[PDB]
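Enquirer:
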Amino acid sequence: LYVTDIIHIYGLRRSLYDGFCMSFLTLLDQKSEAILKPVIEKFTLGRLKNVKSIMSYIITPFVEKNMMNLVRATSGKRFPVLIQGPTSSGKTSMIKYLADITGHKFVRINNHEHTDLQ
Amino acid sequence: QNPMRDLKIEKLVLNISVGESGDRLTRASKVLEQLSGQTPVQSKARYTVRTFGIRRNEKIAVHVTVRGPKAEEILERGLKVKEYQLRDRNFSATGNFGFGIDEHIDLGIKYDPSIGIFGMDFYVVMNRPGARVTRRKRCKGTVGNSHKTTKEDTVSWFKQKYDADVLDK
Amino acid sequence: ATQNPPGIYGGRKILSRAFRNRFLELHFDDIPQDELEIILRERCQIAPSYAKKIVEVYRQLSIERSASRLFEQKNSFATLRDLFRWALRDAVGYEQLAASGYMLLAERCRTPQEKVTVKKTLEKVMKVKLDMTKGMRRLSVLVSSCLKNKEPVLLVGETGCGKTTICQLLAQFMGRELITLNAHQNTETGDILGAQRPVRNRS
Amino acid sequence: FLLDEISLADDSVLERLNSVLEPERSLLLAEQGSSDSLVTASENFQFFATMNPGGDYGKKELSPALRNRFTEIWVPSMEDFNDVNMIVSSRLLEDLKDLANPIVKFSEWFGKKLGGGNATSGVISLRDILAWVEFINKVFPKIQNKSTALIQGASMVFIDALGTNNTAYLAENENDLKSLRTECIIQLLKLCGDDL
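Residue numbers (the authors' numbering), protein chains in the order written: chain A, 969 to 1024, 1055 to 1116; chain B, 6 to 174; chain C, 1192 to 1323, 1344 to 1414; chain D, 1489 to 1684.
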């Protein structure tokens, strides 16, 4: 559902690394992900012989470009993205800081321990 | 001998080089003003440089000269910053001396983010009574040999009152 | 979605396997000190000692004693937004950094032993960062002067130890609503909504 | 929002305060006047109140996100040389000022010994010293009445704070060498004779 998210006849051979690393390397809780992008990074490089014309508070460089493309496509495609990291590291500021670029609405909710299905 | 050949400070001259005109210079100026109470003076580039990005007559630096008591305050005040340690150079063969400080805040003076942070230098020129002979209009003279300020004599002066240290060989 | 790691914090439950297949994994770490050092420091007049010591001291103090299961004091916890409140209010450095930073991470301890090392270690970095009682009076002026300026101030400690003087003096000195409420063992989320409604007038 | 015992509550109460300053809303919807209408937004809703810690008896520990957003005031209990004496000197100055020195010396030592994890009346603080020092303002004019009343007034909660004065049962490797009231009652003979 990721490779079909972004269409190009040079991005199809480079979408395998991002699509295969978007759900596995960033979803890992341990340190067993440092040796899995070596084969995908070397296997998903320069291999497409083209056609298609390359057509369709603080502020960090990792959340203003490294989480905008994946967050915009993942949030616009219709998928439930999860924020993994420290408590108050900037996981709630990424949506509000990345929702000012496109026409979308963000609602910050604070759930407790009494949040069941009912 | 010694009576009347004491060793006053002639003048302290603080100086700010800024490879440009505009805001960043009028701010350097603002610094020197509030710090001296005297309105400071601007200096134009003497020739054009390019690798320094300046043109002849650009207005490139301000400075201000300060004399008596007020001089001694700012001297000591920035002399503090320098932990009362100069060096054996720093003193001229004609017996004056200077130092630089960066960060003009390390000597009173708040921050204000619409002002920025500038250095804190300034030379100290020393003399004795009767300096006027070499400076008035009529009968302009040069001061006698055994009256001229020297390096030895000024260092020893500094080492004394202030108590500060000289350093190096 | 958002939260913390299950392997990091003890007592946390893992997610479902059916919801893990349709859930996108978005990794988001904390910001750097270089991107937060330009915001904490107004201009170049304050110096880089405050911005560098504020991030270096908080980065080592926050990592040396977190609120997890590996750290000692769980009450002491700071973030990236906690340094902006202490850095933005401290425009004039010199001796206000220790008093303004002693009630941030050093005031989150239990006793004086946990605040002595944090206050001494955090206040000892100011002398090395720049080349160049008192504890109650240093926090009494900043707390009373910062309490009238706004902000959610919390007074933790023993009952009747001196937490009623700040609330009574601050509430009696300024003109507020005066919404006093005595919480007990049966004070849930309905106490605020039930106690906040028909208070002021409504008759 | 003045809250006294807000840290003594159980589950609930921190969800609204933790989302009223961070999220800017009153939880996940208002209980009164909710449904599918207007939402509860907070643009000018501040919060100012104190409370206790999470290490106290009957008190719950707060979250790191709710405690990291607000300024924590570093103010614990008073000392036993100026706080206990100055806080116990008021009211007991009309009776005996020489009997207020041994009352604050044995109240600070036992208070750090008798925890509140055992019984509900096992916890001590300023209420025990203030109540014990304010409840012993009217006694006899001799040293026997003041010493016996002052030494028998603080015991009402010292010897009554324990679950039992002594226990005897057939255990395996468990032998009681001393009681639980002898250690707290053996300091009265030395404190009553040392001060008085």
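We treat Cβ as the ideally placed atom computed from N, Cα and C, and that holds for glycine.
Select from the region 1534-1545 of chain D all residues with a C-beta closer than 9 Å to any C-beta belonging to chain C, and list them in chain order.
Expert: Result list: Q1534, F1535, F1536, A1537, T1538, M1539, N1540, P1541, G1542, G1543 and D1544.
Enquirer: Give the C-beta separation of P118 of chain B and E1233 of chain C to the nearest angstrom, bearing in mind that I take them to be a contact with Cβ-Cβ under 8 Å.
Expert: Looking up residue 118 of chain B in the second sequence gives position 113. Looking up residue 1233 of chain C in the third sequence gives position 42. Sure, about 3 Å apart at Cβ, within 8 Å.
Enquirer: Let me make sure I understand the geometry here. Which of D:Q1534, D:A1537, D:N1654 and D:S1495 has the alpha-carbon closest to that of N1663 of chain D?
Expert: Translated into positions along the fourth sequence, residue 1663 of chain D becomes position 175. Checking every option, the nearest Cα to that of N1663 of chain D belongs to D:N1654.
Enquirer: Report the residue ranges of all alpha helix (DSSP H) runs contained in full by the region 1345-1380 of chain C; include only those spanning at least 4 residues, in chain order.
Expert: As far as the region 1345-1380 of chain C is concerned, its whole alpha helix (DSSP H) runs of at least 4 residues are 1345-1358.
Enquirer: Report yes or no: do three or more beta-carbon pairs, one from the region 23-32 of chain B and one from the region 58-70 of chain B, lie closer than 8 Å?
Expert: Because the criterion of three Cβ pairs below 8 Å is met, the region 23-32 of chain B and the region 58-70 of chain B touch.
Enquirer: List the endpoints of the continuous alpha helix (DSSP H) containing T1072 of chain A.
Expert: Sequence index remark: in the first sequence, residue 1072 of chain A carries index 74 (1-based). Unbroken alpha helix (DSSP H) run through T1072 of chain A: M1066 to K1075.
Enquirer: Could you check where the beta strand (DSSP E) with residue 950 of chain A kicks off and where it finishes?
Expert: Because chain A here runs from 969 to 1116, residue 950 of chain A falls outside it and cannot be looked at.
Enquirer: Roughly how many whole angstroms lie between the Cα atoms of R72 of chain B and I1237 of chain C?
Expert: Working through the second sequence from its first residue, we reach residue 72 of chain B at position 67. Working through the third sequence from its first residue, we reach residue 1237 of chain C at position 46. Using only the alpha carbons, I get a separation of about 28 Å.
Enquirer: Name, in chain order, the residues that DSSP records as bridge partners for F1384 of chain C.
Expert: Counting from 1 along the third sequence, the entry for residue 1384 of chain C is found at position 173. DSSP output for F1384 of chain C lists no bridge partner at all.
Enquirer: Does the Cβ-Cβ distance between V1501 of chain D and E1399 of chain C come in under 9 Å?
Expert: For the purposes of this step, residue 1501 of chain D is taken as residue 13 along the fourth sequence, with counting starting at 1. For the purposes of this step, residue 1399 of chain C is taken as residue 188 along the third sequence, with counting starting at 1. For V1501 of chain D and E1399 of chain C, yes; Cβs fall inside 9 Å.
Enquirer: Using a C-beta to C-beta distance shorter than 8 Å, which residues of chain C count as neighbours of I1081 of chain A?
Expert: In the first sequence, the residue the question calls residue 1081 of chain A occupies position 83. Chain C residues near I1081 of chain A: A1192, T1193, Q1194, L1217 and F1219.
Enquirer: Taking the CB atoms as reference points, tell me whether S1091 of chain A and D1221 of chain C lie closer together than 9 Å.
Expert: Looking up residue 1091 of chain A in the first sequence gives position 93. Looking up residue 1221 of chain C in the third sequence gives position 30. Against a cut-off of 9 Å, the Cβ pair of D1221 of chain C and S1091 of chain A comes out as no contact.
Enquirer: From the DSSP output, in three-state form, read off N150 of chain B for me.
Expert: On the second sequence, residue 150 of chain B is found 145 positions in, with the first residue counted as 1. Note: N150 of chain B maps to helix in three-state DSSP.
Enquirer: Kindly indicate if chain C contains any beta-carbon less than 9 Å away from that of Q1116 of chain A.
Expert: For the purposes of this step, residue 1116 of chain A is taken as residue 118 along the first sequence, with counting starting at 1. It does not; no Cβ of chain C falls within 9 Å.
Enquirer: Under 7 Å Cβ-Cβ, which residues of chain A neighbour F1214 of chain C?
Expert: Looking up residue 1214 of chain C in the third sequence gives position 23. Correct list: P1078 and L1080.
Enquirer: Taking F1598 of chain D as part of the alpha helix (DSSP H), name the residues at either end of that continuous run.
Expert: Position 110 of the fourth sequence, counting from 1, holds the residue named residue 1598 of chain D. Unbroken alpha helix (DSSP H) run through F1598 of chain D: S1595 to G1599.
Enquirer: Quickly, what does DSSP pair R1513 of chain D with across the bridge? List them, please.
Expert: Against the fourth sequence, residue 1513 of chain D aligns to sequence position 25. For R1513 of chain D, which the question treats as bridged, DSSP gives the partners D:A1529.
Enquirer: Which value, in whole angstroms, describes the spacing of the CA atoms of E1549 of chain D and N1393 of chain C?
Expert: Taking the first residue of the fourth sequence as position 1, residue 1549 of chain D is located at position 61. Taking the first residue of the third sequence as position 1, residue 1393 of chain C is located at position 182. Taking the straight line from one Cα to the other gives about 18 Å.
Enquirer: Can you tell me whether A1529 of chain D is buried or exposed? The criterion is at least 16 other CB atoms within 10 Å of its CB, across all chains shown.
Expert: In the fourth sequence, counting from the first residue as 1, residue 1529 of chain D sits at position 41. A1529 of chain D comes out exposed.
Enquirer: For chain B, check one thing: does any of its Cβ atoms lie closer than 9 Å to the Cβ of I1237 of chain C?
Expert: Looking up residue 1237 of chain C in the third sequence gives position 46. For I1237 of chain C, the answer is yes, since a Cβ of chain B falls inside 9 Å of its Cβ.
Enquirer: Starting from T1398 of chain C, find everything on chain A with Cβ-Cβ shorter than 8 Å and list it in chain order.
Expert: Here residue 1398 of chain C refers to the residue found at position 187 when the third sequence is read from its first residue. The contacting residues do not exist; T1398 of chain C stays about 14 Å from chain A at best.
Enquirer: At which residues does the alpha helix (DSSP H) containing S1086 of chain A begin and terminate?
Expert: Counted from its first residue, the first sequence places residue 1086 of chain A at position 88. Here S1086 of chain A belongs to no alpha helix (DSSP H), and DSSP marks it neither H nor E.
Enquirer: So, is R1513 of chain D buried or exposed, given that buried needs 16 or more other C-beta atoms within 10 angstroms?
Expert: One-based indexing of the fourth sequence puts residue 1513 of chain D at position 25. Flag for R1513 of chain D reads buried.
Enquirer: How many angstroms separate the CA atom of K1094 of chain A from the CA atom of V1069 of chain A?
Expert: As a position in the first sequence, residue 1094 of chain A is number 96, starting the count at 1. As a position in the first sequence, residue 1069 of chain A is number 71, starting the count at 1. Approximately 12 Å, taken between the alpha carbons.
Enquirer: With a CB to CB cut of under 8 Å and the five nearest residues on each side skipped, what residues in its chain are close to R1015 of chain A?
Expert: Here residue 1015 of chain A corresponds to residue number 47 of the first sequence, with the count starting at 1. Once the five neighbours on either side are set aside, the close Cβ partners of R1015 of chain A are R981.
Enquirer: Spatial neighbours of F1268 of chain C within its chain, please: C-beta separation below 6 Å, excluding the five flanking residues on both sides.
Expert: Counting from one through the third sequence, the residue named residue 1268 of chain C turns up at place 77. Contacts found: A1258.
Enquirer: Using the beta-carbon of each residue, which ones in chain C are nearer than 8 Å to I122 of chain B?
Expert: Walking along the second sequence from the start, residue 122 of chain B turns up at place 117. The contacting residues are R1234, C1235, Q1236, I1237 and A1238.
Enquirer: Run through DSSP, which three-state label would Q1304 of chain C get?
Expert: Mapped onto the third sequence, residue 1304 of chain C falls at position 113. Correct three-state label for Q1304 of chain C: helix.
Enquirer: Evaluate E88 of chain B with the Cβ neighbour count: other Cβ atoms within 10 Å of its Cβ, from every protein chain shown; 16 or more gives buried, anything less gives exposed.
Expert: Your numbering for residue 88 of chain B matches position 83 in the second sequence. Looking at its Cβ environment, which holds fewer than 16 other Cβ atoms inside 10 Å, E88 of chain B is exposed.
Enquirer: Which residues in chain D sit within 9 Å of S983 of chain A, going by Cβ to Cβ distance?
Expert: Position 15 of the first sequence, counted from the start, is the residue given in the question as residue 983 of chain A. Per Cβ cutoff of 9 Å: no residues; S983 of chain A is ~35 Å from chain D at best.
Enquirer: Whose Cβ in chain D lies nearer than 8 Å to the Cβ of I1245 of chain C?
Expert: In the third sequence, the residue the question calls residue 1245 of chain C occupies position 54. Within 8 Å Cβ-Cβ: nothing; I1245 of chain C doesn't reach chain D, min ~15 Å.
Enquirer: Considering Cα atoms alone, identify which of B:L17, B:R141 and B:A33 is closest to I120 of chain B.
Expert: Taking the second sequence and counting its residues from 1, one reaches residue 120 of chain B at position 115. Taking only the C-alpha atoms, the option nearest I120 of chain B is B:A33.
Enquirer: Going by CA-CA distance only, name the one from C:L1389, C:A1290 and C:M1323 that's closest to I110 of chain B.
Expert: For the purposes of this step, residue 110 of chain B is taken as the residue at position 105 of the second sequence. Answer by Cα proximity: C:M1323.
Enquirer: Interface residues of chain D around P1409 of chain C at Cβ under 8 Å?
Expert: Reading the third sequence from its first residue, position 198 is the one you call residue 1409 of chain C. Correct list: empty, because the minimum Cβ distance to chain D is about 11 Å.
Enquirer: Taking Cβ positions only, does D1499 of chain D come closer than 9 Å to chain A?
Expert: Position 11 of the fourth sequence holds residue 1499 of chain D. Yes - at least one Cβ of chain A is within 9 Å of the one on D1499 of chain D.
Enquirer: Suppose only complete runs of 4+ residues qualify. What are the alpha helix (DSSP H) ranges in the region 1390-1414 of chain C, listed by chain order?
Expert: List check, alpha helix (DSSP H) in window: 1401-1407.
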